[PDB]
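Pasted below: upload_32.txt, compact mmCIF, N, CA, C and O atoms.
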# COMPACT_ATOMS: atom_id res chain seq x y z
N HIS A 1 6.19 -1.81 -32.98
CA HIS A 1 4.87 -2.41 -33.17
C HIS A 1 4.65 -3.55 -32.19
O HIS A 1 4.53 -4.71 -32.58
N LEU A 2 4.62 -3.21 -30.90
CA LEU A 2 4.40 -4.15 -29.82
C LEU A 2 3.23 -3.65 -28.99
O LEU A 2 2.95 -2.45 -28.97
N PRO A 3 2.50 -4.54 -28.31
CA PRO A 3 1.36 -4.08 -27.52
C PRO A 3 1.83 -3.26 -26.32
O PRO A 3 2.96 -3.39 -25.85
N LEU A 4 0.93 -2.40 -25.85
CA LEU A 4 1.25 -1.54 -24.72
C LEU A 4 1.50 -2.39 -23.49
O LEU A 4 0.93 -3.47 -23.32
N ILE A 5 2.36 -1.90 -22.62
CA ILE A 5 2.71 -2.62 -21.41
C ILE A 5 1.64 -2.28 -20.39
O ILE A 5 1.00 -1.23 -20.46
N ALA A 6 1.40 -3.20 -19.45
CA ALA A 6 0.39 -2.98 -18.41
C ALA A 6 1.11 -2.27 -17.27
O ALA A 6 1.66 -2.91 -16.37
N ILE A 7 1.14 -0.93 -17.34
CA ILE A 7 1.82 -0.12 -16.31
C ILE A 7 1.36 -0.55 -14.92
O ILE A 7 2.17 -0.78 -14.02
N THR A 8 0.05 -0.71 -14.76
CA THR A 8 -0.57 -1.15 -13.52
C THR A 8 -0.08 -0.31 -12.33
O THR A 8 0.67 -0.76 -11.47
N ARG A 9 -0.55 0.94 -12.32
CA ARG A 9 -0.28 1.89 -11.24
C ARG A 9 1.21 1.99 -10.91
O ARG A 9 1.67 1.62 -9.82
N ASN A 10 1.98 2.50 -11.89
CA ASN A 10 3.43 2.66 -11.76
C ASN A 10 3.89 3.88 -12.58
O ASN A 10 4.14 3.75 -13.79
N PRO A 11 4.04 5.06 -11.96
CA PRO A 11 4.46 6.24 -12.72
C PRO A 11 5.97 6.27 -12.98
O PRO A 11 6.77 5.97 -12.09
N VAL A 12 6.33 6.65 -14.20
CA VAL A 12 7.73 6.73 -14.64
C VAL A 12 8.00 8.18 -15.03
O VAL A 12 7.83 8.58 -16.19
N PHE A 13 8.39 8.99 -14.05
CA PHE A 13 8.67 10.40 -14.29
C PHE A 13 9.81 10.55 -15.30
O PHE A 13 10.73 9.72 -15.32
N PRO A 14 9.77 11.56 -16.19
CA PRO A 14 10.90 11.76 -17.11
C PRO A 14 12.20 11.96 -16.35
O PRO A 14 12.23 12.64 -15.32
N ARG A 15 13.28 11.38 -16.88
CA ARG A 15 14.61 11.45 -16.25
C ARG A 15 14.56 11.06 -14.77
O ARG A 15 15.02 11.79 -13.89
N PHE A 16 13.98 9.89 -14.52
CA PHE A 16 13.89 9.36 -13.16
C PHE A 16 13.84 7.85 -13.27
O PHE A 16 12.85 7.30 -13.77
N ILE A 17 14.92 7.18 -12.86
CA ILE A 17 14.95 5.72 -12.90
C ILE A 17 13.79 5.21 -12.05
O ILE A 17 13.54 5.71 -10.94
N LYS A 18 13.09 4.20 -12.56
CA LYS A 18 11.94 3.63 -11.87
C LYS A 18 11.91 2.12 -12.08
O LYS A 18 12.56 1.59 -12.97
N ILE A 19 11.16 1.45 -11.20
CA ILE A 19 11.01 0.00 -11.20
C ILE A 19 9.54 -0.32 -11.45
O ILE A 19 8.65 0.41 -10.99
N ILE A 20 9.29 -1.40 -12.20
CA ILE A 20 7.95 -1.86 -12.55
C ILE A 20 7.81 -3.31 -12.13
O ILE A 20 8.68 -4.14 -12.43
N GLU A 21 6.67 -3.61 -11.45
CA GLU A 21 6.33 -4.94 -10.93
C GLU A 21 4.89 -5.31 -11.32
O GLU A 21 3.99 -5.28 -10.48
N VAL A 22 4.68 -5.65 -12.59
CA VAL A 22 3.35 -6.08 -13.03
C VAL A 22 3.08 -7.48 -12.49
O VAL A 22 3.99 -8.31 -12.37
N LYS A 23 1.81 -7.76 -12.16
CA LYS A 23 1.48 -9.09 -11.62
C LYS A 23 1.29 -10.15 -12.70
O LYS A 23 1.54 -11.34 -12.44
N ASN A 24 0.88 -9.77 -13.91
CA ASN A 24 0.64 -10.72 -14.98
C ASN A 24 1.91 -11.41 -15.46
O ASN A 24 3.01 -10.85 -15.39
N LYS A 25 1.75 -12.64 -15.97
CA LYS A 25 2.85 -13.40 -16.53
C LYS A 25 2.77 -13.43 -18.06
O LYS A 25 3.67 -13.96 -18.71
N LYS A 26 1.78 -12.75 -18.66
CA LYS A 26 1.74 -12.72 -20.11
C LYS A 26 2.79 -11.76 -20.64
O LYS A 26 3.19 -11.88 -21.81
N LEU A 27 3.22 -10.81 -19.81
CA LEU A 27 4.27 -9.90 -20.21
C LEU A 27 5.63 -10.58 -20.13
O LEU A 27 6.57 -10.13 -20.78
N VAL A 28 5.75 -11.68 -19.37
CA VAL A 28 7.05 -12.34 -19.32
C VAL A 28 7.31 -13.01 -20.65
O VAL A 28 8.45 -13.08 -21.10
N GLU A 29 6.25 -13.46 -21.34
CA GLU A 29 6.45 -14.06 -22.65
C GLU A 29 6.94 -13.03 -23.66
O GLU A 29 7.85 -13.30 -24.45
N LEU A 30 6.38 -11.81 -23.61
CA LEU A 30 6.82 -10.79 -24.56
C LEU A 30 8.19 -10.25 -24.20
O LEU A 30 8.96 -9.91 -25.10
N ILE B 1 7.41 2.69 12.26
CA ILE B 1 8.04 1.40 11.98
C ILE B 1 9.55 1.52 11.81
O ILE B 1 10.25 0.51 11.88
N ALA B 2 10.07 2.74 11.60
CA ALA B 2 11.51 2.93 11.51
C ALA B 2 12.14 3.22 12.87
O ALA B 2 13.22 2.71 13.18
N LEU B 3 11.49 4.05 13.69
CA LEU B 3 11.99 4.42 15.01
C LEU B 3 11.56 3.46 16.11
O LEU B 3 12.25 3.37 17.14
N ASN B 4 10.42 2.78 15.96
CA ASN B 4 9.94 1.79 16.93
C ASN B 4 9.46 0.54 16.19
O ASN B 4 8.26 0.29 16.09
N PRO B 5 10.39 -0.29 15.69
CA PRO B 5 9.97 -1.47 14.92
C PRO B 5 9.31 -2.53 15.79
O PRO B 5 9.92 -3.05 16.73
N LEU B 6 8.05 -2.85 15.48
CA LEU B 6 7.28 -3.87 16.18
C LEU B 6 7.08 -5.08 15.28
O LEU B 6 7.48 -6.19 15.64
N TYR B 7 6.47 -4.88 14.11
CA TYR B 7 6.19 -5.91 13.12
C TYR B 7 7.04 -5.64 11.88
O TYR B 7 7.74 -4.63 11.78
N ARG B 8 6.97 -6.56 10.92
CA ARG B 8 7.74 -6.38 9.70
C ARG B 8 7.22 -5.19 8.90
O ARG B 8 6.06 -4.80 9.00
N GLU B 9 8.11 -4.63 8.09
CA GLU B 9 7.80 -3.49 7.24
C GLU B 9 7.43 -3.92 5.82
O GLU B 9 7.20 -3.06 4.96
N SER B 10 7.37 -5.23 5.56
CA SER B 10 7.03 -5.73 4.23
C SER B 10 5.56 -5.50 3.90
O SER B 10 5.21 -5.39 2.72
N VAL B 11 4.69 -5.45 4.91
CA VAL B 11 3.27 -5.27 4.62
C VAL B 11 3.02 -3.88 4.04
O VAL B 11 2.10 -3.71 3.22
N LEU B 12 3.80 -2.88 4.44
CA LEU B 12 3.60 -1.55 3.87
C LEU B 12 4.11 -1.51 2.43
O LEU B 12 3.57 -0.76 1.61
N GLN B 13 5.14 -2.30 2.10
CA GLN B 13 5.61 -2.31 0.72
C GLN B 13 4.68 -3.14 -0.16
O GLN B 13 4.61 -2.92 -1.37
N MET B 14 3.99 -4.12 0.43
CA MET B 14 3.02 -4.91 -0.32
C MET B 14 1.78 -4.07 -0.59
O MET B 14 1.22 -4.08 -1.69
N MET B 15 1.32 -3.36 0.45
CA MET B 15 0.16 -2.48 0.41
C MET B 15 0.73 -1.06 0.40
O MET B 15 1.00 -0.47 1.45
N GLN B 16 0.92 -0.53 -0.80
CA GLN B 16 1.43 0.81 -1.05
C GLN B 16 0.30 1.74 -1.47
O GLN B 16 -0.78 1.30 -1.88
N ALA B 17 0.56 3.05 -1.35
CA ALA B 17 -0.44 4.02 -1.77
C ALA B 17 -0.41 4.27 -3.27
O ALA B 17 -1.37 4.83 -3.81
N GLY B 18 0.66 3.85 -3.96
CA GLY B 18 0.80 4.03 -5.39
C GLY B 18 0.20 2.93 -6.22
O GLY B 18 0.17 3.06 -7.45
N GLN B 19 -0.23 1.84 -5.59
CA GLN B 19 -0.85 0.69 -6.26
C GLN B 19 -2.35 0.85 -6.48
O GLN B 19 -2.93 0.06 -7.23
N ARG B 20 -2.99 1.81 -5.80
CA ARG B 20 -4.44 2.05 -5.88
C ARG B 20 -5.22 0.82 -5.39
O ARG B 20 -6.37 0.59 -5.75
N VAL B 21 -4.60 0.04 -4.51
CA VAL B 21 -5.23 -1.15 -3.93
C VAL B 21 -5.86 -0.83 -2.58
O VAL B 21 -6.35 -1.74 -1.90
N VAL B 22 -5.88 0.45 -2.17
CA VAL B 22 -6.47 0.84 -0.90
C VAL B 22 -7.94 1.11 -1.17
O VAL B 22 -8.38 2.26 -1.20
N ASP B 23 -8.71 0.04 -1.40
CA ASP B 23 -10.14 0.19 -1.63
C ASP B 23 -10.87 0.61 -0.37
O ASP B 23 -11.96 1.19 -0.45
N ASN B 24 -10.28 0.34 0.80
CA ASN B 24 -10.86 0.64 2.10
C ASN B 24 -9.90 1.48 2.94
O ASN B 24 -9.07 0.92 3.67
N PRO B 25 -9.93 2.82 2.81
CA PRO B 25 -9.03 3.63 3.64
C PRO B 25 -9.25 3.37 5.12
O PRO B 25 -8.30 3.46 5.91
N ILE B 26 -10.50 3.13 5.51
CA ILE B 26 -10.84 2.83 6.90
C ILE B 26 -10.00 1.66 7.42
O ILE B 26 -9.55 1.68 8.57
N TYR B 27 -9.79 0.63 6.60
CA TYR B 27 -8.97 -0.49 7.05
C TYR B 27 -7.52 -0.05 7.23
O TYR B 27 -6.85 -0.52 8.16
N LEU B 28 -7.02 0.83 6.36
CA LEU B 28 -5.64 1.29 6.53
C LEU B 28 -5.50 2.12 7.80
O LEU B 28 -4.51 1.97 8.53
N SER B 29 -6.49 2.96 8.11
CA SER B 29 -6.40 3.74 9.34
C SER B 29 -6.52 2.85 10.57
O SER B 29 -5.84 3.06 11.57
N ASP B 30 -7.37 1.82 10.49
CA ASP B 30 -7.50 0.89 11.60
C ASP B 30 -6.23 0.07 11.78
O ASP B 30 -5.80 -0.19 12.91
N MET B 31 -5.63 -0.36 10.68
CA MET B 31 -4.39 -1.12 10.75
C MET B 31 -3.27 -0.26 11.33
O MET B 31 -2.43 -0.75 12.09
N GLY B 32 -3.27 1.03 11.00
CA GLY B 32 -2.25 1.91 11.54
C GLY B 32 -2.47 2.22 13.01
O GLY B 32 -1.52 2.34 13.77
N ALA B 33 -3.73 2.34 13.42
CA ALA B 33 -4.05 2.58 14.82
C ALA B 33 -3.90 1.33 15.66
O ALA B 33 -3.81 1.43 16.89
N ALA B 34 -3.92 0.15 15.04
CA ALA B 34 -3.74 -1.08 15.80
C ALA B 34 -2.31 -1.22 16.29
O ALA B 34 -2.06 -1.87 17.31
N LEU B 35 -1.36 -0.61 15.57
CA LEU B 35 0.04 -0.68 15.97
C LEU B 35 0.31 0.14 17.22
O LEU B 35 1.27 -0.14 17.94
N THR B 36 -0.53 1.14 17.49
CA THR B 36 -0.40 1.98 18.67
C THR B 36 -0.51 1.15 19.94
O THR B 36 -1.23 0.16 20.01
N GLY B 37 0.21 1.59 20.97
CA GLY B 37 0.19 0.97 22.27
C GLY B 37 -0.85 1.60 23.17
O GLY B 37 -0.88 1.32 24.37
N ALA B 38 -1.69 2.48 22.61
CA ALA B 38 -2.74 3.15 23.36
C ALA B 38 -3.67 2.14 24.03
O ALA B 38 -3.94 1.06 23.48
N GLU B 39 -4.14 2.50 25.22
CA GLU B 39 -5.00 1.62 26.00
C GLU B 39 -6.26 1.25 25.21
O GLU B 39 -6.75 2.02 24.38
N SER B 40 -6.76 0.04 25.48
CA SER B 40 -7.94 -0.47 24.80
C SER B 40 -9.15 0.45 24.92
O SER B 40 -9.89 0.65 23.94
N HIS B 41 -9.41 0.96 26.13
CA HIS B 41 -10.53 1.87 26.35
C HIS B 41 -10.51 3.02 25.34
O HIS B 41 -11.54 3.37 24.75
N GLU B 42 -9.34 3.64 25.18
CA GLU B 42 -9.19 4.71 24.21
C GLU B 42 -9.54 4.23 22.81
O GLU B 42 -10.12 4.98 22.02
N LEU B 43 -9.18 2.99 22.47
CA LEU B 43 -9.51 2.46 21.15
C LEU B 43 -11.02 2.39 20.98
O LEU B 43 -11.56 2.74 19.92
N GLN B 44 -11.71 1.90 22.01
CA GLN B 44 -13.17 1.85 21.95
C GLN B 44 -13.74 3.25 21.78
O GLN B 44 -14.68 3.46 21.01
N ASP B 45 -13.15 4.23 22.47
CA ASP B 45 -13.59 5.61 22.34
C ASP B 45 -13.38 6.11 20.91
O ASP B 45 -14.18 6.88 20.38
N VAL B 46 -12.28 5.68 20.28
CA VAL B 46 -12.01 6.08 18.90
C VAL B 46 -13.06 5.48 17.99
O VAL B 46 -13.45 6.08 16.98
N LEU B 47 -13.54 4.28 18.32
CA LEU B 47 -14.58 3.67 17.52
C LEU B 47 -15.93 4.37 17.72
O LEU B 47 -16.76 4.40 16.81
N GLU B 48 -16.15 4.93 18.92
CA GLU B 48 -17.39 5.63 19.23
C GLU B 48 -17.62 6.86 18.35
O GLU B 48 -18.78 7.20 18.05
N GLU B 49 -16.56 7.55 17.94
CA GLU B 49 -16.68 8.75 17.12
C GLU B 49 -17.38 8.44 15.81
O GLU B 49 -17.13 7.40 15.18
N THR B 50 -18.26 9.35 15.39
CA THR B 50 -19.06 9.16 14.18
C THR B 50 -18.46 9.80 12.94
O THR B 50 -18.50 9.19 11.87
N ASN B 51 -17.91 11.01 13.03
CA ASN B 51 -17.30 11.57 11.84
C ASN B 51 -16.07 10.73 11.49
O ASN B 51 -15.42 10.16 12.37

Here is the file; what I need is its structure written in the form of C-alpha cells.
Amino acid sequence: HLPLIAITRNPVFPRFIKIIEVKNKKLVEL
Amino acid sequence: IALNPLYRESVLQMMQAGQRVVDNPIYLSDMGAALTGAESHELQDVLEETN
C-alpha cells in the first residue's frame, strides 16, 4: 500500500536488470 | 563518438532517446550534423533543402 513510483520514461523488461533515475526528490523520502 | 572522439559523450547520455525529452528532432539532427567536419558550404546547402 505505497504510491506508484514515477517511472518517468524508464522501461523495466521482465527478467532484465534495469536502472531508474527519477528527477524528483519526493521519492527519496519514500 | 566512439571511433572519432571529438567532444564528450556525456551529452548523449544526458539527452537520450528513451527519456522522451527530444521535443525537437530537428535540433538533434542539427547537433549531430554539427559534429561533422563537412565544409561549411555543404552545411548551407543542407539548410537549403526543404523536405

Write out as a PDB file with N, CA, C and O atoms, keeping the file's coordinate frame all residues of chain B that DSSP puts in alpha helix (DSSP H) for this structure's backbone.
ATOM      1  N   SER B  10       7.370  -5.230   5.560  1.00  0.00           N
ATOM      2  CA  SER B  10       7.030  -5.730   4.230  1.00  0.00           C
ATOM      3  C   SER B  10       5.560  -5.500   3.900  1.00  0.00           C
ATOM      4  O   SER B  10       5.210  -5.390   2.720  1.00  0.00           O
ATOM      5  N   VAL B  11       4.690  -5.450   4.910  1.00  0.00           N
ATOM      6  CA  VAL B  11       3.270  -5.270   4.620  1.00  0.00           C
ATOM      7  C   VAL B  11       3.020  -3.880   4.040  1.00  0.00           C
ATOM      8  O   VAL B  11       2.100  -3.710   3.220  1.00  0.00           O
ATOM      9  N   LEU B  12       3.800  -2.880   4.440  1.00  0.00           N
ATOM     10  CA  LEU B  12       3.600  -1.550   3.870  1.00  0.00           C
ATOM     11  C   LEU B  12       4.110  -1.510   2.430  1.00  0.00           C
ATOM     12  O   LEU B  12       3.570  -0.760   1.610  1.00  0.00           O
ATOM     13  N   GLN B  13       5.140  -2.300   2.100  1.00  0.00           N
ATOM     14  CA  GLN B  13       5.610  -2.310   0.720  1.00  0.00           C
ATOM     15  C   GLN B  13       4.680  -3.140  -0.160  1.00  0.00           C
ATOM     16  O   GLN B  13       4.610  -2.920  -1.370  1.00  0.00           O
ATOM     17  N   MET B  14       3.990  -4.120   0.430  1.00  0.00           N
ATOM     18  CA  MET B  14       3.020  -4.910  -0.320  1.00  0.00           C
ATOM     19  C   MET B  14       1.780  -4.070  -0.590  1.00  0.00           C
ATOM     20  O   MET B  14       1.220  -4.080  -1.690  1.00  0.00           O
ATOM     21  N   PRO B  25      -9.930   2.820   2.810  1.00  0.00           N
ATOM     22  CA  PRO B  25      -9.030   3.630   3.640  1.00  0.00           C
ATOM     23  C   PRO B  25      -9.250   3.370   5.120  1.00  0.00           C
ATOM     24  O   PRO B  25      -8.300   3.460   5.910  1.00  0.00           O
ATOM     25  N   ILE B  26     -10.500   3.130   5.510  1.00  0.00           N
ATOM     26  CA  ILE B  26     -10.840   2.830   6.900  1.00  0.00           C
ATOM     27  C   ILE B  26     -10.000   1.660   7.420  1.00  0.00           C
ATOM     28  O   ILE B  26      -9.550   1.680   8.570  1.00  0.00           O
ATOM     29  N   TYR B  27      -9.790   0.630   6.600  1.00  0.00           N
ATOM     30  CA  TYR B  27      -8.970  -0.490   7.050  1.00  0.00           C
ATOM     31  C   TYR B  27      -7.520  -0.050   7.230  1.00  0.00           C
ATOM     32  O   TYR B  27      -6.850  -0.520   8.160  1.00  0.00           O
ATOM     33  N   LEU B  28      -7.020   0.830   6.360  1.00  0.00           N
ATOM     34  CA  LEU B  28      -5.640   1.290   6.530  1.00  0.00           C
ATOM     35  C   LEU B  28      -5.500   2.120   7.800  1.00  0.00           C
ATOM     36  O   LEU B  28      -4.510   1.970   8.530  1.00  0.00           O
ATOM     37  N   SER B  29      -6.490   2.960   8.110  1.00  0.00           N
ATOM     38  CA  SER B  29      -6.400   3.740   9.340  1.00  0.00           C
ATOM     39  C   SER B  29      -6.520   2.850  10.570  1.00  0.00           C
ATOM     40  O   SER B  29      -5.840   3.060  11.570  1.00  0.00           O
ATOM     41  N   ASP B  30      -7.370   1.820  10.490  1.00  0.00           N
ATOM     42  CA  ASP B  30      -7.500   0.890  11.600  1.00  0.00           C
ATOM     43  C   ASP B  30      -6.230   0.070  11.780  1.00  0.00           C
ATOM     44  O   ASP B  30      -5.800  -0.190  12.910  1.00  0.00           O
ATOM     45  N   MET B  31      -5.630  -0.360  10.680  1.00  0.00           N
ATOM     46  CA  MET B  31      -4.390  -1.120  10.750  1.00  0.00           C
ATOM     47  C   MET B  31      -3.270  -0.260  11.330  1.00  0.00           C
ATOM     48  O   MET B  31      -2.430  -0.750  12.090  1.00  0.00           O
ATOM     49  N   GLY B  32      -3.270   1.030  11.000  1.00  0.00           N
ATOM     50  CA  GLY B  32      -2.250   1.910  11.540  1.00  0.00           C
ATOM     51  C   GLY B  32      -2.470   2.220  13.010  1.00  0.00           C
ATOM     52  O   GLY B  32      -1.520   2.340  13.770  1.00  0.00           O
ATOM     53  N   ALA B  33      -3.730   2.340  13.420  1.00  0.00           N
ATOM     54  CA  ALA B  33      -4.050   2.580  14.820  1.00  0.00           C
ATOM     55  C   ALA B  33      -3.900   1.330  15.660  1.00  0.00           C
ATOM     56  O   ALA B  33      -3.810   1.430  16.890  1.00  0.00           O
ATOM     57  N   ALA B  34      -3.920   0.150  15.040  1.00  0.00           N
ATOM     58  CA  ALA B  34      -3.740  -1.080  15.800  1.00  0.00           C
ATOM     59  C   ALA B  34      -2.310  -1.220  16.290  1.00  0.00           C
ATOM     60  O   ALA B  34      -2.060  -1.870  17.310  1.00  0.00           O
ATOM     61  N   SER B  40      -6.760   0.040  25.480  1.00  0.00           N
ATOM     62  CA  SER B  40      -7.940  -0.470  24.800  1.00  0.00           C
ATOM     63  C   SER B  40      -9.150   0.450  24.920  1.00  0.00           C
ATOM     64  O   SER B  40      -9.890   0.650  23.940  1.00  0.00           O
ATOM     65  N   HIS B  41      -9.410   0.960  26.130  1.00  0.00           N
ATOM     66  CA  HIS B  41     -10.530   1.870  26.350  1.00  0.00           C
ATOM     67  C   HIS B  41     -10.510   3.020  25.340  1.00  0.00           C
ATOM     68  O   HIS B  41     -11.540   3.370  24.750  1.00  0.00           O
ATOM     69  N   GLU B  42      -9.340   3.640  25.180  1.00  0.00           N
ATOM     70  CA  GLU B  42      -9.190   4.710  24.210  1.00  0.00           C
ATOM     71  C   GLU B  42      -9.540   4.230  22.810  1.00  0.00           C
ATOM     72  O   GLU B  42     -10.120   4.980  22.020  1.00  0.00           O
ATOM     73  N   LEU B  43      -9.180   2.990  22.470  1.00  0.00           N
ATOM     74  CA  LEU B  43      -9.510   2.460  21.150  1.00  0.00           C
ATOM     75  C   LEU B  43     -11.020   2.390  20.980  1.00  0.00           C
ATOM     76  O   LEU B  43     -11.560   2.740  19.920  1.00  0.00           O
ATOM     77  N   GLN B  44     -11.710   1.900  22.010  1.00  0.00           N
ATOM     78  CA  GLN B  44     -13.170   1.850  21.950  1.00  0.00           C
ATOM     79  C   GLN B  44     -13.740   3.250  21.780  1.00  0.00           C
ATOM     80  O   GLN B  44     -14.680   3.460  21.010  1.00  0.00           O
ATOM     81  N   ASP B  45     -13.150   4.230  22.470  1.00  0.00           N
ATOM     82  CA  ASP B  45     -13.590   5.610  22.340  1.00  0.00           C
ATOM     83  C   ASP B  45     -13.380   6.110  20.910  1.00  0.00           C
ATOM     84  O   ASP B  45     -14.180   6.880  20.380  1.00  0.00           O
ATOM     85  N   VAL B  46     -12.280   5.680  20.280  1.00  0.00           N
ATOM     86  CA  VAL B  46     -12.010   6.080  18.900  1.00  0.00           C
ATOM     87  C   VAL B  46     -13.060   5.480  17.990  1.00  0.00           C
ATOM     88  O   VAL B  46     -13.450   6.080  16.980  1.00  0.00           O
ATOM     89  N   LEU B  47     -13.540   4.280  18.320  1.00  0.00           N
ATOM     90  CA  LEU B  47     -14.580   3.670  17.520  1.00  0.00           C
ATOM     91  C   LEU B  47     -15.930   4.370  17.720  1.00  0.00           C
ATOM     92  O   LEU B  47     -16.760   4.400  16.810  1.00  0.00           O
ATOM     93  N   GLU B  48     -16.150   4.930  18.920  1.00  0.00           N
ATOM     94  CA  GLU B  48     -17.390   5.630  19.230  1.00  0.00           C
ATOM     95  C   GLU B  48     -17.620   6.860  18.350  1.00  0.00           C
ATOM     96  O   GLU B  48     -18.780   7.200  18.050  1.00  0.00           O
TER      97      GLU B  48
END

At a cut-off of 8 Å, list the chain A residues touching chain B, using only C-alpha atoms, as a PyMOL selection string.
-> chain A and resi 8-10

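One finds atom CA of residue 29 of chain A at 29.4 Å from atom N of residue 12 of chain B.
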
Work out how far apart atom CA of residue 13 of chain B and atom CA of residue 18 of chain A are and give it in Å to one decimal.
->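 The value is 15.3 Å.
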
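The interatomic distance for the pair atom CA of residue 7 of chain B and atom CA of residue 35 of chain B works out to 8.6 Å.
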
Please check which residues have atoms at most 5 Å from (-6.8, 3.2, 19.4) in the file's coordinates, counting only N, CA, C and O atoms, and write them as a VMD selection string.
-> chain B and resid 33 42 to 43

Could you pull the residues within 8 Å of residue 23 of chain A, counting only N, CA, C and O atoms, minus those fewer than 2 positions along the same chain, as JSON, numbers by chain?
-> {"A": [6, 7, 8, 20, 21, 25, 26, 27]}

Would you compute an axis-aligned box for segment 13-28 of chain A, covering every atom listed for it in the file with 3 Å of margin on each side, and report centre and edge lengths in Å to one decimal as lines of an AutoDock Vina configuration file?
center_x = 7.8
center_y = -0.7
center_z = -16.1
size_x = 20.4
size_y = 32.6
size_z = 17.3
